[PDB]
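In PDB author numbering, the protein residues as written are 1 to 160.
Cβ atoms here follow ideal geometry from the backbone N, Cα and C, with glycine treated the same way.
The next block holds one structure in the form of structure tokens; read it before the comments.
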Amino acid sequence: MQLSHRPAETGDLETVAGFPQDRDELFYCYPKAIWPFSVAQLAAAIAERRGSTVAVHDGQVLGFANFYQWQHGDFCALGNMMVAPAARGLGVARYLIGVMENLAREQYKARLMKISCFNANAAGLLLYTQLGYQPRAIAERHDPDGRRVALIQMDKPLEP
Ligand SMILES: CC(C)(COP(=O)(O)OP(=O)(O)OC[C@H]1O[C@@H](n2cnc3c(N)ncnc32)[C@H](O)[C@@H]1OP(=O)(O)O)[C@@H](O)C(=O)NCCC(=O)NCCSCCCC[C@H](NC(=O)CNC(=O)Cc1ccccc1)C(=O)O
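Right, here's the structure in full:
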């Protein structure tokens with residue numbers, strides 16, 4: 001469907017902060033955040049990151065992403081990837097990741113995009129696989145209940 005993108009704005013914060021539907025979803029897209037998510041937590045992430053971007057369809061903000069890490073000439077890492085629940089499965093994240101890949105290439109001369117995905121997040125793992133990301137390593141992490149989870153580190157070459 002028809003999608004556009006632009007930098008995130010203050011008026012987008014309340015909608016975007018509403019995207020994660022439970023503690024698990026919040027952990028998957030922003031593991032340092034604390035449930036419940038809030039506009040203050042989102043604004044703080046935006047201020048300390050780069051490239052915060054929204055995807056819009058039919059006047060609705062449906063998706064958000066930024067760079068978790070950025071290293072000129074080297075790589076960027078995708079951060080805070082989240083989509084409105086009613087709009088999932090429709091290509092919003094696919095679209096926005098394409099946008100972020102282009103931004104990494106153009107703004108950071110990145111050769112590689114990194115994406116890390118928690119093991120329980122099948123939807124994420126499958127999407128990133130469809131976009132050409134390959135798994136490289138697995139790291140142990142802990143969820144908010146102190147349970148041990150596996151963070152799967154994936155990457156993809158970008159090219160000029
Ligand atoms: C986005 C979403 C997954 C997808 O958005 P879509 O808009 O919905 O995606 P389409 O573009 O439509 O494409 C979807 C594709 O997948 C196929 N599909 C399969 N199953 C499906 C299903 N059930 N449903 C739908 N689709 C399913 C489907 O067929 C299609 O493939 P084809 O049909 O096209 O082939 C959507 O469902 C979402 O928002 N989920 C909730 C949030 C979320 O999980 N976000 C991803 C985060 S991974 C990124 C995490 C970045 C994390 C980062 N930190 C790090 O990296 C590392 N720091 C740390 O660890 C620090 C730390 C601190 C404390 C303690 C431990 C550690 C950061 O802090 O920011």
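Beyond the five residues adjoining it in sequence on each side, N121 comes within less than 8 Å, by CB distance, of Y28 in the same chain, given in chain order. Per DSSP, the continuous alpha helix (DSSP H) segment holding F27 begins and ends at 23-29. Fewer than three beta-carbon pairs drawn from the region 85-97 and the region 141-148 are found closer than 8 Å, and the two stretches are therefore not classed as touching.
Within the DSSP bridge table, the entry for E140 names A150 as partners. The C-alpha of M100 is placed about 16 Å away from the C-alpha of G124. Not one heavy atom of ligand 1 sits closer than 7 Å to the Cβ of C76. Judged by beta-carbon spacing, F64 lies within the 8 Å limit of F19, meaning their Cβ atoms are closer than that value. In the assembly as shown, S52 is a buried residue. Its beta-carbon has 16 or more other beta-carbons within 10 Å. Placement of the Cβ of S52 at a distance of 7 Å or more from every heavy atom of ligand 1 is found. Taking every protein chain shown into account, the CB of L42 has 16 or more other CB atoms within 10 angstroms, so this residue is buried. Taking 7 Å as the cut-off, one finds no heavy atom of ligand 1 near enough to the beta carbon of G18. In this structure, DSSP gives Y133 a state outside helix and strand, which the three-state scheme calls coil.
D12 is positioned such that its CB atom lies closer than 8 Å to that of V61.
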